[PDB]
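The structure appears right after this line, and notes come after that.
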Amino acid sequence: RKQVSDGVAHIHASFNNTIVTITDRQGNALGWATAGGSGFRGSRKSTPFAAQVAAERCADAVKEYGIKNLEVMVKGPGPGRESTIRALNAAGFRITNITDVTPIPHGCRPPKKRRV
Amino acid sequence: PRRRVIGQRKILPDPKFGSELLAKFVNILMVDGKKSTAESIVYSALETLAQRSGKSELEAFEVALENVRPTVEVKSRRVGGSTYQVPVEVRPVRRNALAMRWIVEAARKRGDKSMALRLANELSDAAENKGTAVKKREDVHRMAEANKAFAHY
Amino acid sequence: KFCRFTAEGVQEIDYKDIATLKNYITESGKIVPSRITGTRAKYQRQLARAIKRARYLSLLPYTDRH
Amino acid sequence: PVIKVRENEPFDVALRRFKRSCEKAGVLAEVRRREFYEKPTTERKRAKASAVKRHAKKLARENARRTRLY
RNA sequence: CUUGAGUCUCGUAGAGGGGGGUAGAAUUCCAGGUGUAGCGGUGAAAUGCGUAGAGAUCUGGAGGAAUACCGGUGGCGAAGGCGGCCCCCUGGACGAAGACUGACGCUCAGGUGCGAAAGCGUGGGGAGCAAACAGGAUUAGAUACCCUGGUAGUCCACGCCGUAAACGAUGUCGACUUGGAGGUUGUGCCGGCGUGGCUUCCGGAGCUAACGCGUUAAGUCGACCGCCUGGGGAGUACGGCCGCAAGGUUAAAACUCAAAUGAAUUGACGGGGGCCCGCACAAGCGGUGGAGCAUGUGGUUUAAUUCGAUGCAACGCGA
Ligand SMILES: [Mg+2]
Ligand SMILES: [Mg+2]
Ligand SMILES: [Mg+2]
Ligand SMILES: [Mg+2]
Ligand SMILES: [Mg+2]
Ligand SMILES: [Mg+2]
Ligand SMILES: [Mg+2]
Ligand SMILES: [Mg+2]
Ligand SMILES: [Mg+2]
Ligand SMILES: [Mg+2]
Ligand SMILES: [Mg+2]
Ligand SMILES: [Mg+2]
Ligand SMILES: [Mg+2]
Ligand SMILES: [Mg+2]
Ligand SMILES: [Mg+2]
Ligand SMILES: [Mg+2]
Ligand SMILES: [Mg+2]
Ligand SMILES: [Mg+2]
Ligand SMILES: [Mg+2]
């Protein structure tokens, strides 16, 4: 119900799923959408196309706040990194800056290698 | 094949209208090499179709196809043991062939008495998006849409 | 190539010399390899000590997402 | 890898500038390298294998320059 | 006596070691805000978490463990090993100009010490990971591989263990014998020309069964030590010693076999790689498999149902 005009998009692109959260500059979420909740399960969920649909729904979820400019903070190695940023532009936002915020330990022991 | 030494085959136009698209439809509908039987079925079907829609012989047959031609289809590909249906665009020649094949097979599985009427009834519904020829186009387009995420190799 | 510390005859790379140090870190703040800048092995080690020593005093950043 | 979109800049090229900055930082490889634990015995077996294969291709290239195929 | 060995003087490089302190990133947990229906995971799922508000995002805090980049067939150490930064304590190596001692050396059974990880004891700590364990799958079965969790343990202090493919599968010391290309660290002289230490790759003679090694030798020699004597039984039993235990160490025989083995060769094969082909798939059309009959075969029956063919490549085959 409030008007912000200046939000931040957080793409969370993992190998299994993509989550798009659009927050204001203060970090309070306005809306979100995921590839899994966009009608995609399993093999579909982890595609660049499933992330594009997830981005559009998140842009459709925050339409009542009238966001005009949008910072994009991309995290993770997922296939939905690049295609989610395009869909935010296709919706009609202005991408002011794009940053990679993927957390890198400089840390803990990772899990053991899978013997598939 | 593995060599790709396949050139296109010559095909004579239809006698009554000189339509190349119509000659291919007779061949698709022909059974056992009896082309004269297939031409007489196609002609009398078109006379019923043209009179029933009032438009014409040829381009009223073109209106039947334009509602049956598919524009996207899925080809199988198995990646992790599970087979992905990968949607791929259909080139113009195959769009015509599929539509004519879908019309003939839908017409054949119909309860009319004669095939010439049976074909005309199928084409008439296809012109108005009611037949079982257009329903198979419906299915292909939604099988291709359920797989749009796989538009890659 | 062309190590600029043999060329300038440096005796220690002097972490307080932030003007020099910023030439040997990337935009995100990582030390650039001697293979890229063509620094000698001897000075590349002192350069890395000075950069880590300046990172501690907050004269230089560890990452770009602080 | 912080890309600030510049004035009168088309989106795609800024998206191209972003893809470049993340690859030069090698963050995607760094994430893929840290997802499973790598034993010290294996990291060394790889490092070595990398060096000996990096070495072999150089001499193979030096040698192939002193050759004719036909 | 001074050339081997060592001492002193000046400097250099170094993850050498021991003790203390500290920084940044990240994971996890806790508390709170925004927000809302999924998250997570997989080949695909499910277990699991989530409307008691998860996941995502922001704020504050607690905690432990490891130090991205630099980073390198780079360095240091007898070996095992050693990696953020700073200080304290400490070992060794190398180089330059001399001086000094005056062969004062090398090797070493027994002895002594050090010795990855796992493990053990006592007391702490416990984020992440993860034997055991539990569940979900997969499967014919799946005491697994995969998934979700998860305890010892991994961390610290002290003590024990004393073993590893602890490997260069190559004992230590010394001398001698064409070359090339590097790396690293000193040093003298004028980027150029020397001289040292350590180190990586290629290769000559030579050596080797061959593979290969090749001035860092597996070449030519000397000194001393360790060890071997066909395979299995067996590094096992018994005894001794050591250990809290787990076990370690030393170490047989009966019996049995006629080989076991190393290297390389030619094939064949691979759920190895590359490049090709074929109605091999794919793209299509028509069939067979269901029905009746024809015909061949098997089986059964019969006095006999003559004999033969009997994966592809026998079965309308000899006929
Ligand atoms: Mg995992
Ligand atoms: Mg001394
Ligand atoms: Mg002894
Ligand atoms: Mg231990
Ligand atoms: Mg313990
Ligand atoms: Mg205890
Ligand atoms: Mg597990
Ligand atoms: Mg070892
Ligand atoms: Mg080794
Ligand atoms: Mg041995
Ligand atoms: Mg050699
Ligand atoms: Mg024993
Ligand atoms: Mg005993
Ligand atoms: Mg086929
Ligand atoms: Mg039959
Ligand atoms: Mg026979
Ligand atoms: Mg017979
Ligand atoms: Mg045959
Ligand atoms: Mg035949």
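A, B, ... follow the sequence lines: proteins, then strands. Residue 1 opens every chain. Scope of the values below: all heavy atoms of this structure, side chains included, with no hydrogens, waters or symmetry mates.
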Legend entry - Protein-to-nucleotide contact annotation, 5' to 3' order, nucleotides 198-203 of chain E [B base; S sugar-phosphate only; - none; under 4.0 Å, heavy atom]: ---S--

Legend entry - B/S/- contact track for nucleotides 138-147 of chain E, protein heavy atom under 4.0 Å: -------SSS

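Contact annotation: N16(A) reaches the phosphate of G41(E) (side-chain N/O to OP1 or OP2, under 4.0 Å). At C39(E), one or more side-chain N or O atoms of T34(A) fall inside 4.0 Å of OP1 or OP2 (strictly under the cut-off). Distances shown here put every side-chain N or O of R34(D) at or beyond 4.0 Å from the OP1 or OP2 atom of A68(E). Proximity of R53(C) to the phosphate of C86(E): a side-chain N or O atom is located under 4.0 Å from OP1 or OP2. The phosphate of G35(E) (OP1 or OP2) has no side-chain N or O of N28(A) nearer than 4.0 angstrom.
The separation between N17(A) atom CG and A45(E) atom P is 12 Å, rounded to whole Å.
In this structure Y24(C) satisfies the ring-ring contact (aromatic ring centres under 6.0 Å, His included) test together with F5(C), sequence neighbours excluded.
A donor atom on one side chain and an acceptor atom on the other are not found under 3.5 Å apart for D6(A) and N69(A). Of the N and O atoms on the side chains of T20(C) and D17(C), at least one donor lies less than 3.5 Å from an acceptor on the other residue. Of the N and O atoms on the side chains of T71(B) and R95(B), at least one donor lies less than 3.5 Å from an acceptor on the other residue.
Here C213(E) does not sit opposite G48(E) as a base pair, Watson-Crick or G-U wobble, with both distances under 3.5 Å. Nucleotides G149(E) and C173(E) fail to qualify as a pair under the Watson-Crick or G-U wobble definition, as the contacts are not both shorter than 3.5 Å. Pairing status of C10(E) against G95(E): a Watson-Crick or G-U wobble pair, both distances under 3.5 Å. If you check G186(E) against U266(E), you find neither a Watson-Crick nor a G-U wobble pair with both contacts below 3.5 Å. Applying the 3.5 Å cutoff to both bonds, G159(E) and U184(E) do not register as a Watson-Crick or G-U wobble pair.
Residues from residues 84-111 of chain A with heavy atoms under 4.0 angstrom of RNA chain E, sorted by number: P103(A), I104(A), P105(A), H106(A), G107(A), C108(A), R109(A), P110(A), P111(A). Contacts between residues 36-49 of chain A and RNA chain E, defined by a heavy-atom separation below 4.0 Å, involve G36(A), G37(A), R41(A), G42(A), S43(A), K45(A), listed by number. Residues from residues 132-153 of chain B that place a heavy atom under 4.0 Å from any atom of RNA chain E: there are none. Listed in residue order, the members of residues 58-76 of chain A having a heavy atom less than 4.0 Å from RNA chain E are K75(A). Annotation: proximity of residues 37-48 of chain C to RNA chain E (heavy atom, distance under 4.0 Å) is found for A41(C), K42(C), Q44(C), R45(C), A48(C), numbered in ascending order.
Among the candidates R118(B), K130(B), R110(B), the single residue satisfying the salt bridge (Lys or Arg N to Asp or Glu O under 4.0 Å) test with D125(B) is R110(B).
Base orientation of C133(E): anti, the glycosidic angle falling outside 90° of 0. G72(E) has its base syn relative to the sugar, with a glycosidic angle deviating from 0 by at most 90°.
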Every protein N/O lying under 3.5 Å from an N/O of nucleotides 271-277 of chain E:
| residue | atom | partner | partner atom | Å |
| --- | --- | --- | --- | --- |
| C277(E) | OP1 | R3(B) | NE | 3.4 |
| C277(E) | OP1 | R3(B) | NH1 | 2.7 |
| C277(E) | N4 | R2(B) | NH2 | 3.3 |

Short N/O separations, protein against nucleotides 163-168 of chain E, under 3.5 angstrom:
none

For residues 11-27 of chain D, which side-chain N or O atoms pair as donor and acceptor with protein atoms under 3.5 Å away, sequence neighbours left out?
| residue | atom | partner | partner atom | Å |
| --- | --- | --- | --- | --- |
| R17(D) | NH1 | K4(D) | O | 3.3 |
| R17(D) | NH2 | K4(D) | O | 3.4 |

Distance-only check: which donor-acceptor pairs under 3.5 Å involve side-chain atoms of residues 36-43 of chain B, not counting sequence neighbours?
| residue | atom | partner | partner atom | Å |
| --- | --- | --- | --- | --- |
| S40(B) | OG | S36(B) | O | 3.4 |
| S40(B) | OG | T37(B) | O | 2.9 |
| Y43(B) | OH | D14(B) | OD1 | 3.1 |
| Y43(B) | OH | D14(B) | OD2 | 2.7 |
| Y43(B) | OH | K16(B) | N | 2.8 |

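For the atom pair CD1 of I6(B) and CZ of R9(B), the computed distance is 8.5 Å after rounding to the nearest 0.5 Å.
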